[PDB]
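Take a look at this one chain, the form deposited in one PDB entry, written out in structure tokens.
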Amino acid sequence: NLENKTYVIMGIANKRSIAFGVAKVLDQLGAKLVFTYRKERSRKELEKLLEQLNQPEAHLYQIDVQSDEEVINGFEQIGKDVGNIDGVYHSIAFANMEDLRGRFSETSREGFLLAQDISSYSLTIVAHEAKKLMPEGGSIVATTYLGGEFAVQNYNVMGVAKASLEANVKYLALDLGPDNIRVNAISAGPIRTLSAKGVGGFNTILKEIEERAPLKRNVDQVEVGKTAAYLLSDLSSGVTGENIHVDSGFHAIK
């Protein structure tokens, strides 16, 4: 039960977004929500999606996490508008299509660093900026994937970025733990989203999970959301630095 709580949800682009899964769950549970977006087309979508939710207000903020200024200023506004918050759901990554296929060894410098910036470094600065609105502590949750732990065909430059995000989560837990701020990851199973369209072999991935993972089935966004609710609430009070897989057991098998 999340009444009185306020969460910032980062990275809804549309109805299939993992973060929109997160949103429905927290909304259903009683939370007040604030959404951040990058593209104009995403603000429009959010505008249309908020009619499903039970939020009396729409608290929408443009933040491109490639700019320090937009993060600093975006969180500063949030505080002025809604006050102190209880956590942040981070659902943000990017890579060029070029570097999500063929050969990892040909990734460009610029393409490599672009994925680190957006998909890993972004959590450090969000956490720093968010920390200023959690003086009594809170919870930060970032979205990860199996390709950060094992080399998987195609995910290429994103795997190295996911590996980097998961360590980020561990150094942030260590740093922020004395401020009563917990930092964890959800490692979601594969899911049909707009960003998945740039992961080569996606369909085959989806299928190899039905056939082989313990639950013999794929997970959806609402499942990411129910775990996110546990992480973002006091249910998970002893838990930090952790990486929960929501993937039907796939992580546990070979």
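We call the rigid core the largest set of C-alpha positions that still match within 1.5 Å between the two forms. Position 1 is the first residue in the sequence shown; the rest follow in order. Only residues modelled in both forms are compared.
Trainee: Once you work out the mean C-alpha B-factor for both 39-47 and 181-189 from the entry, which is higher?
Mentor: Comparing averages over the C-alpha atoms only gives 39-47.
Trainee: Please work out which of 206-214 and 49-57 has the higher mean CA B-factor as recorded in the PDB entry.
Mentor: Comparing averages over the C-alpha atoms only gives 49-57.
Trainee: Between 122, 156, 84, 144, let me know which has the highest C-alpha B-factor in the entry?
Mentor: Comparing C-alpha B-factors across 122, 156, 84, 144, the maximum falls on 84.
Trainee: Reading the B-factor column of the entry, which of 165, 88, 151, 133 has the highest value at its C-alpha atom?
Mentor: When the deposited C-alpha B-factors of 165, 88, 151, 133 are compared, 133 is largest.
Trainee: Hey, what third does residue 225 fall into on Cα B-factor, ranked over its chain?
Mentor: According to the entry, residue 225 has a C-alpha B-factor in the chain's lowest third.
Trainee: Based on the entry's values, in what third of the chain does the Cα temperature factor of residue 128 lie: lowest, middle or highest?
Mentor: Residue 128: CA B-factor falls in the middle third of its chain.
Trainee: Using the B-factor values recorded in the entry, state whether the Cα atom of residue 175 falls in the lowest, middle or highest third among the modelled residues of its chain.
Mentor: For residue 175, the deposited C-alpha B-factor lands in the middle third.
Trainee: Tell me, lowest, middle or highest third: where does the Cα B factor of residue 71 rank within its chain?
Mentor: Middle third, going by the recorded CA B-factors of the chain.
Trainee: Lowest, middle or highest third: which one holds residue 99 when the chain's residues are ordered by CA B-factor from the entry?
Mentor: Highest third.
The same protein has a further form, the form deposited in another entry, not shown here; the description that follows concerns it.
Trainee: Which listed residue, 34, 209, 65, 229, is the one whose CA shifts 2 angstroms or more between this form and the one not shown with the rigid core aligned?
Mentor: Result of the comparison: 209.
Trainee: Relative to the superposed rigid core, does residue 218 relocate between this form and the one not shown - that is, does its Cα move 2 Å or more?
Mentor: Passes the 2 Å threshold, so yes.
Trainee: Say whether the C-alpha atoms of residue 14 and residue 41 sit closer together or farther apart in the other form than in the form shown here, given that their separation changes by 3 Å or more.
Mentor: It is farther: the C-alpha separation of residue 14 and residue 41 rises by at least 3 Å in the other form.
Trainee: What direction does the residue 168-residue 213 Cα distance move in the other form compared with the shown chain, closer or farther, given a change of 3 Å or more?
Mentor: Compared with the form shown here, the C-alpha atoms of residue 168 and residue 213 sit farther apart in the other form, by 3 Å or more.
Trainee: Where does the protein shift between this form and the one not shown, taking runs of 3+ residues with every CA moved 2 Å or more once the core is matched?
Mentor: Core-superposed, displaced stretches are 40-42, 154-157, 203-219.
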